[PDB]
Amino acid sequence: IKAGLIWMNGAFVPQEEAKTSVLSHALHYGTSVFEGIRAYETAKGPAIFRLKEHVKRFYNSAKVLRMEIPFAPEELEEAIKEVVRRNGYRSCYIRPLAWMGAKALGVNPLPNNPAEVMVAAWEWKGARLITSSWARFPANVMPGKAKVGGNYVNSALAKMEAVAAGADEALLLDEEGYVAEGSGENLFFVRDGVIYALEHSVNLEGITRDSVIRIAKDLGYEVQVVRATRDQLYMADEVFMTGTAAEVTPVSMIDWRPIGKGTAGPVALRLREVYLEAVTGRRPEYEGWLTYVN
Amino acid sequence: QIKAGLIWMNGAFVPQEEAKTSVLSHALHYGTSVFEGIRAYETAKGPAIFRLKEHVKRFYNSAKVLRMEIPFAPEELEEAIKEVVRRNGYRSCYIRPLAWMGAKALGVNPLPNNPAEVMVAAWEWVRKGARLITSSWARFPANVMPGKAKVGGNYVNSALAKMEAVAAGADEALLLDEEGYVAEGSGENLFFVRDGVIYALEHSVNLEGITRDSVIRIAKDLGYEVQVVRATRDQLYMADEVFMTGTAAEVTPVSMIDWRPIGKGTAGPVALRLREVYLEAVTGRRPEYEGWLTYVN
Amino acid sequence: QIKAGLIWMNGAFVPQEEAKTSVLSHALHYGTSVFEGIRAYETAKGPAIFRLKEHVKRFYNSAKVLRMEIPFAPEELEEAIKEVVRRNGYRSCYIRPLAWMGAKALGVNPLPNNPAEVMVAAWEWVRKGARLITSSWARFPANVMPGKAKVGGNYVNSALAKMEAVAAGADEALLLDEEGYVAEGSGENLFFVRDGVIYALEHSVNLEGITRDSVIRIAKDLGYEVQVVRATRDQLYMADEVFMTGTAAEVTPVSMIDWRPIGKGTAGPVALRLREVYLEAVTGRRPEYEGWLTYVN
Amino acid sequence: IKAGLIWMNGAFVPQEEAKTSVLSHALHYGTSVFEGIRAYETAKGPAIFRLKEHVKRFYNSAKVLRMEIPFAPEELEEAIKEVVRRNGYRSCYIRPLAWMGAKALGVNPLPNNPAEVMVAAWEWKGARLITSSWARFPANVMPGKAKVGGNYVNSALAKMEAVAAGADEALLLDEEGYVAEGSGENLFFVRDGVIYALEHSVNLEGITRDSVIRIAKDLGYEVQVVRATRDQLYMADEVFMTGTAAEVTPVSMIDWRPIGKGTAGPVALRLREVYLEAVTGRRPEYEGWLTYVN
Amino acid sequence: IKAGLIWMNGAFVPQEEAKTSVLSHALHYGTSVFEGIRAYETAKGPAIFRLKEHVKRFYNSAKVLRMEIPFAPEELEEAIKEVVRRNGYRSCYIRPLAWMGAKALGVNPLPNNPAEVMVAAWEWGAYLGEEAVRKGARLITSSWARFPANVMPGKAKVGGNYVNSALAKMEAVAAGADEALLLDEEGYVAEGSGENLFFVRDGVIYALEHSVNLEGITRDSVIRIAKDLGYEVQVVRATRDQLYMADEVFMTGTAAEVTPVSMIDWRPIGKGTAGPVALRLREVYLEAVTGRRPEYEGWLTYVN
Amino acid sequence: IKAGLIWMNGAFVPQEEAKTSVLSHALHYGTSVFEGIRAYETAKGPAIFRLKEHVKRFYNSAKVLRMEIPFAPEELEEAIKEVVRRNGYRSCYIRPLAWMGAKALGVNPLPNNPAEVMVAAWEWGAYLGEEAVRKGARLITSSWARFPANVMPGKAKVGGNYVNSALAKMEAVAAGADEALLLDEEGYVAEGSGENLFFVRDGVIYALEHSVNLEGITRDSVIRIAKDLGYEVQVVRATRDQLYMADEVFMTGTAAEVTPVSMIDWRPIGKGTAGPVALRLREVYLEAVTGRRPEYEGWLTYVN
Ligand SMILES: *Cc1c(COP(=O)(O)O)cnc(C)c1O
Ligand SMILES: *Cc1c(COP(=O)(O)O)cnc(C)c1O
Ligand SMILES: *Cc1c(COP(=O)(O)O)cnc(C)c1O
Ligand SMILES: *Cc1c(COP(=O)(O)O)cnc(C)c1O
Ligand SMILES: *Cc1c(COP(=O)(O)O)cnc(C)c1O
Ligand SMILES: *Cc1c(COP(=O)(O)O)cnc(C)c1O
Ligand SMILES: NCC1(CC(=O)O)CCCCC1
Ligand SMILES: NCC1(CC(=O)O)CCCCC1
Ligand SMILES: NCC1(CC(=O)O)CCCCC1
Ligand SMILES: NCC1(CC(=O)O)CCCCC1
Ligand SMILES: NCC1(CC(=O)O)CCCCC1
Ligand SMILES: NCC1(CC(=O)O)CCCCC1
């Protein structure tokens with residue numbers, strides 16, 4: 001990974017120096033939290049998309065683990081802006097990470113507080129999905145509203161499964177059999193002119209999902225939030241997923257069954273395009289979501 | 001901090017201070033690591049590692065679950081484990097082998113990161129009984145997290161349950177499965193005794209404990225009838241005895257659950273006998289169980 | 001027997017006696033068929049089929065779930081459906097389109113049997129309210145059977161619930177989902193009314209009824225507030241009204257569930273108004289709903 | 001399908017004449033029951049394997065549907081023997097089927113009794129499995145102890161999924177996440193010399209499974225019955241499945257993870273071979289399971 | 001409990017006579033239904049909050065158990081007004097109860113119909129001050145799940161149901177918390193041992209769906225009040241961690257009124273104390289029940 | 001119910017005095033525990049079946065609710081023997097009961113400790129004849145599931161639990177059946193509204209696993225008896241259709257003894273009448289409880 005200078009607990013250092021004890025609690029028990037934040041190039045230079053909203057979730061994830069982050073939100077935000085500038089990035093993916101150190105290896109993480117923190121970044125047909133044989137964890141098994149390290153063993157298993165089956169991404173159902181979300185994407189589907197966003201259920205409350213719903217509504221679409229089954233998606237006119245890295249990705253096939261016309265549909269493509277216009281500063285109406293680094 | 005000393009890092013030992021890895025390591029972000037807990041006990045004939053092969057086999061089995069490739073043959077890992085005891089001059093210690101996905105990429109898919117990085121570290125190492133509290137967090141279903149493997153990510157569930165129990169004033173947490181049945185402790189297999197019979201809980205969503213396996217064999221050799229069953233919280237509440245097993249936990253009696261005393265309210269005779277015979281076995285004082293020991297020197 | 005008369009068999013009509021298929025047909029052994037329920041009502045301007053396109057669209061959608069190929073374009077099927085009414089001289093009738101996997105092979109995998117065989121048949125076709133009993137059979141979870149499609153196999157579940165209710169002295173069965181919440185009748189979507197508000201049950205594991213959709217539109221046009229929610233059996237027990245919808249069932253008031261009277265214990269005013277407006281709509285007596293009708297002659 | 005003469009409600013008729021109304025209840029609602037019975041060639045001619053046991057289950061399946069079979073067990077057995085003789089079969093698969101006719105199309109099948117019956121027959125590396133995203137129905141959703149037509153929509157979905165993913169067969173989990181069985185095979189796994197048969201849970205009580213357990217025990221193996229998870233199979237020394245058509249089939253890989261050595265193992269191969277010896281009349285000890293037609 | 005005169009099947013009697021056979025079906029099998037109604041003192045005398053709505057539920061709960069209440073709703077309402085008057089109470093908690101008697105002890109309660117009915121009322125010993133309200137309630141998620149909708153009738157106030165509430169409450173208290181937060185069997189948030197839950201996030205007030213919870217009248221009242229004040233209210237299903245990161249969390253109930261929640265599972269909610277929204281809702285709610293809100297007088301039944 | 005003299009917290013009193021406050025916690029929240037014990041007449045006087053085992057469970061049920069029973073097990077056992085003697089009973093049903101009193105009415109029952117205790121006993125009005133036994137009981141699977149192990153304490157005889165049993169029993173009766181068969185939330189067979197289930201298939205006797213059911217003493221007794229007679233007994237989890245195709249099905253309970261099941265959900269079991277195994281087990285069981293089986297005298301406690 002070409003990260004370059006990484007912010008390590010207060011100070012930037014060369015990538016090669018950004019290391020941590022192999023006895024770190026997080027490395028053994030998945031006790032870490034992270035975020036996914038993107039910077040896009042605009043006519044006025046790099047702009048970070050919904051920075052504060054992402055940082056807030058970062059601290060929220062930490063609270064779920066009762067993990068203590070030894071920095072104020074403002075400092076992390078400044079670190080995030082600086083990881084872009086110092087590395088001379090224009091368009092990049094920023095990865096803040098807080099993890100429990102190597103003070104002790106009992107399964108209880110509290111003794112390891114405060115958490116160590118770092119911020120790294122690196123320059124940045126229709127998706128085919130397969131329904132995973134791995135269900136997304138119930139809300140009382142793993143904290144699904146938080147981006148906690150350990151949670152992604154579940155995403156990792158589903159992703160490898162999908163790829164091995166010849167698809168691009170996995171669609172996970174909850175333990176009851178209802179659609180949940182992709183290994184790392186929130187789901188949407190369109191039917192008879194109406195855009196359906198799936199309820200939060202056990203899924204993460206996506207910021208891209210949020211942005212897409214606002215944009216859809218601003219464009220005049222009717223948007224409903226519902227619980228959905230796989231066959232509701234099979235027969236939808238369109239299906240698409242959202243996420244910081246994934247942006248707005250159309251889904252043209254699920255479980256080898258074509259969605260609608262079998263290729264990216266007009267609604268998803270339009271939302272994606274307007275979303276890209278929003279993140280690149282071409283829409284005054286969404287300027288409030290941007291934080292120009294320069 | 002942890003006083004581990006020399007740590008085996010992918011083929012060679014290095015000072016603990018040098019045993020570090022990139023913060024961009026896949027496992028540090030996604031919980032994609034596997035580990036083991038192995039113990040060496042002091043015996044009249046030097047340190048002896050308890051059931052080393054079974055532990056290493058499970059280490060590789062856990063890796064297979066994540067489709068993780070361990071770039072070392074089992075024999076090499078076993079040697080590294082014996083050497084971590086020697087080189088550090090340990091007599092009694094907890095050994096922690098760990099394999100994790102490195103920093104080649106950060107997509108959720110771990111495969112592009114193979115082979116895994118590997119390290120082995122180690123550090124020198126009842127009457128009243130333990131007090132448990134049933135967690136408000138259920139152990140993950142068999143199709144949510146691989147409960148038969150010691151996969152790093154799995155322990156977020158254990159961590160949450162453990163903090164909860166300690167916060168409530170208990171020693172350890174007792175987790176139920178999503179259906180409401182007893183599963184296991186945050187990191188211990190459960191047993192209970194009623195009317196002379198020893199009940200080992202079914203594997204269900206729990207890890208197939210090696211200590212559990214040992215205590216069952218021992219119990220049968222002592223002449224106890226052992227049954228494997230599914231259990232509810234109130235079946236434990238009215239048990240004569242309840243105890244936990246684990247490499248670190250060994251055999252620990254449980255005297256109270258959810259503020260309800262178990263039997264007499266103190267460690268029971270059955271759990272104590274099992275514990276005593278187990279400690280005799282791991283310390284080379286039981287000829288019939290010598291096959292379970294691997295002498296370091 | 002059934003008096004269907006001329007039946008459309010894969011492209012052409014034949015006497016009912018000739019409308020037969022191999023007993024080695026995949027669908028006869030594995031439930032691999034899909035079907036629809038469509039009605040034609042008599043109007044001052046001749047027979048009219050209610051929402052023909054929506055029904056045909058669902059027919060194809062159901063086929064997609066089984067990855068079944070229907071060797072006919074929607075337009076041809078729609079024509080066959082109009083012709084089944086004409087050729088038999090029906091004025092009011094129930095139309096049953098059916099596509100099933102033939103007899104090319106009997107491995108559980110249906111794909112080798114594509115394309116599907118297709119046929120369309122039809123046969124000529126409240127106050128006290130219906131009595132329901134909650135079934136001891138739960139409607140299948142969304143990852144067990146495709147509850148959004150009218151797949152033949154799905155109805156073993158419906159058949160079991162229906163026989164049970166009738167045996168218990170009730171008219172129809174009310175099924176719950178595996179979690180314990182109300183799902184739907186053996187073949188009817190459920191609604192309930194409380195304090196002036198009409199509650200349509202969420203789709204959950206139920207079929208997305210076309211009659212349900214019609215009654216919701218009608219209800220809103222009449223000025224009623226309509227909410228879509230999840231419901232428990234006792235929320236129905238204390239409702240002012242409860243009613244069922246389906247192509248065959250139309251709009252049927254429910255006066256009792258599990259021997260517990262609903263509201264006054266007879267059909268309620270809201271269900272009756274919805275029913276009345278629906279029958280006016282399907283009989284061409286509502287200009288605003290003409291788009292839902294397809295006149296045969 | 002080359003079936004030849006088919007027994008149709010009391011009398012044999014040419015295949016082409018073995019037809020039923022497209023208005024048959026079973027064709028619309030999956031209300032039928034069937035069996036899978038095999039005949040193997042022996043030195044003394046064709047021998048049907050565990051005939052009576054299969055017929056008993058046939059009638060048992062019917063009781064679950066409250067379906068009335070208008071023939072006595074003895075008659076069906078005679079029909080089954082005759083479908084082999086008359087067609088001059090040596091080794092074949094026999095398929096008895098009872099289905100609800102076209103008397104009425106209400107979802108309730110009772111009015112359609114008695115059921116129509118027929119009996120047809122036709123001459124007869126390690127399997128790679130993938131875990132299905134379709135769970136086998138709970139015991140209060142579909143009658144899993146009976147071979148009821150409608151049940152197989154669930155098997156059909158799982159099978160197509162597996163094949164489409166590049167595997168040979170699907171492994172289904174129950175709704176709780178535990179291993180259930182294949183789309184149409186009971187599961188077994190071996191670990192440290194012990195043979196583990198999965199409990200019945202929501203699975204069909206396989207006759208091949210039964211035979212295999214008896215054989216295993218007769219051979220001296222220790223056999224236990226347990227509930228199992230997918231990772232218990234992932235780490236087993238061996239895994240295999242049973243069924244009339246499948247016989248004893250070794251499983252060398254599940255979800256792209258090799259089982260043991262990655263090829264058919266010694267235990268499964270041995271059980272399979274002894275099973276074939278039993279069904280072909282080479283084992284006096286199992287002669288009781290055979291019914292010679294000639 | 002100092003109840004004084006208690007209405008027993010049609011007539012008032014001293015508490016000492018308000019007793020029933022220890023062979024009563026309900027004492028052995030939880031076959032009873034009850035209500036929790038409050039009378040708040042006003043300058044015009046005691047006013048009972050939403051009496052008919054509570055009485056309708058009392059009868060609705062009885063229908064679930066197929067229990068027959070041998071009195072017209074109007075008789076019960078009169079009894080409820082009189083228990084207040086006859087005891088000279090001002091503010092007080094009213095507890096109507098209908099239970100299966102001692103005719104027989106088979107599990108089937110039908111042979112025991114009609115049910116016996118009683119209405120008792122008593123005064124409060126103490127009230128939480130504003131300081132305590134502001135500190136907020138501390139919750140702990142219970143290891144006991146609220147019963148699925150096909151196990152126990154969650155929309156009815158059936159006695160047997162409260163064994164579940166009792167287990168969770170004792171658990172929470174033993175853990176050092178004030179109240180328990182129960183999840184449903186699926187892992188989602190249900191309600192307190194006896195309180196409906198709400199949470200506020202980014203300006204929006206979220207009321208939890210009914211799922212397996214009781215359809216609280218205080219919950220209903222709070223929603224109406226919130227909307228009348230201009231707040232946006234949404235009804236959703238929620239997880240424990242959605243509450244952990246909410247700006248505010250609060251619970252409702254006749255006895256609990258509107259109670260701010262400052263911490264759940266040792267994780268502070270928002271600022272760690274009661275927030276402005278819950279406190280504002282509590283105030284308006286109290287102004288409503290004490291007859292100081294003209295727009296809500298329709299909810300009050302003055303005893304005098 | 002004609003109980004006569006009833007033991008009330010340490011002393012016997014006429015039934016008429018055996019009453020408790022209608023403000024008792026258990027009457028409002030199902031917070032009670034009870035037992036079902038029988039005394040069978042013998043030529044040596046009444047003999048109580050497995051008294052200590054029943055008493056141990058009574059106390060075990062109390063521990064689940066964290067209910068304090070202010071009497072030593074020995075005192076209760078004496079009370080149980082005396083209720084029989086003092087009423088001059090021969091064969092009779094004994095019902096011990098401990099319930100939370102009227103100290104306070106918050107859901108938490110702890111403030112109400114210690115619990116009140118009573119022991120009542122009464123005679124049977126009628127018994128099933130062999131003809132009825134042979135016809136067998138007809139069951140119907142309930143639409144109510146037995147509570148999961150983390151919702152209601154299924155191993156304890158807690159009053160509140162029986163709301164679930166009551167709902168299922170009424171349902172079965174209304175449907176025209178004799179008893180209800182409940183499944184667990186997962187869809188598997190649990191037990192009757194108050195009876196443990198067994199089924200026989202191809203010579204083997206299958207006792208159902210404990211899962212969420214009560215660990216029946218009659219169930220335990222039947223298993224011991226079956227094995228002593230040479231039958232092979234296996235313990236398994238079962239589905240409704242495994243019972244549909246069983247050779248025989250029967251249920252056990254103190255009141256139900258050993259009852260043959262001839263039909264479930266309108267589907268006949270085996271021959272459609274009681275089978276030889278269940279009838280044989282019932283006979284030996286009855287010979288045991290009536291003191292005609294020397295090998296089982298250890299299970300009997302003679303009152304005189
Ligand atoms: C990060 C993530 C998402 C996407 O959320 P965004 O805020 O839109 O980036 C979706 N699902 C999971 C499981 C995630 O971790
Ligand atoms: C390691 C572990 C155990 C104990 O297993 P042993 O082989 O006996 O050390 C039990 N449960 C969990 C979750 C574990 O990780
Ligand atoms: C056909 C059917 C309905 C009714 O749907 P309509 O489109 O209104 O005819 C409801 N439930 C099930 C299970 C059905 O098969
Ligand atoms: C027929 C069948 C089997 C195999 O049973 P055998 O009696 O061994 O042929 C296994 N599973 C299912 C679902 C089946 O239908
Ligand atoms: C009584 C009760 C409430 C509160 O409802 P209100 O009508 O507002 O008094 C909430 N939950 C439960 C379980 C209750 O019994
Ligand atoms: C009392 C009871 C039984 C019977 O148990 P026995 O000890 O044999 O009397 C069975 N099920 C339930 C739910 C019970 O309460
Ligand atoms: N698809 C990717 C993410 C989400 C996203 O930003 O689309 C989830 C897994 C971990 C990496 C991020
Ligand atoms: N209680 C501890 C362990 C198990 C054990 O060895 O008892 C599980 C959590 C991770 C550390 C090990
Ligand atoms: N009640 C009937 C239907 C639905 C309907 O049209 O109301 C479902 C079962 C199959 C026949 C149709
Ligand atoms: N694999 C096949 C069967 C089972 C068997 O005989 O192995 C199940 C699906 C329907 C055809 C039979
Ligand atoms: N916390 C109390 C109640 C609710 C209430 O009024 O807040 C529920 C249990 C039964 C008594 C009432
Ligand atoms: N059928 C009755 C009992 C069991 C029995 O003794 O059979 C359970 C409910 C409570 C009374 C006892």
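Each ligand, and each atom within it, is numbered from 1 in the order the structure gives. Each chain gets a letter, A, B and so on, in the order its sequence line appears, and its residues count up from 1.
- Polar contact check, F:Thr252 against ligand 6: no nitrogen or oxygen pair lies under 3.5 Å apart.
- The shortest N/O to N/O separation between C:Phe35 and ligand 9 does not fall below 3.5 Å.
- On a distance-only criterion, F:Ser165 and ligand 6 share no N/O pair closer than 3.5 Å.
- In the vicinity of F:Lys157, heavy-atom distances shorter than 4.0 Å reach the ligand 6 atoms 1 (C), 2 (C), 3 (C), 14 (C), 15 (O).
- For ligand 6, the polar-atom distance check finds no N/O of F:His54 at less than 3.5 Å from any of the ligand's N/O atoms.
- The closest protein non-hydrogen atom to atom 2 (C) of ligand 9 is C:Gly187 O, 3.7 Å.
- Inclusion of C:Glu188 in the set of residues having an N or O under 3.5 Å from an N or O of ligand 9 is warranted.
- For C:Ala248, a nitrogen or oxygen atom sits less than 3.5 Å from a nitrogen or oxygen atom of ligand 9, counting backbone and side chain alike.
- For A:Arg95, the closest heavy-atom approach to ligand 7 falls below 4.0 Å.
- Within the 4.0 Å heavy-atom criterion, the part of F:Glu195 lying near ligand 6 is the backbone and not the side chain.
- Of all atoms in ligand 6, listed by their number and element, those nearer than 4.0 Å to a heavy atom of F:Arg57 are 6 (P), 7 (O), 9 (O).
- Note: an N/O pair closer than 3.5 Å links C:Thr247 and ligand 9 by distance alone.
- Of the heavy atoms in F:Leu214, only side-chain atoms (C-beta onward) come closer than 4.0 Å to ligand 6.
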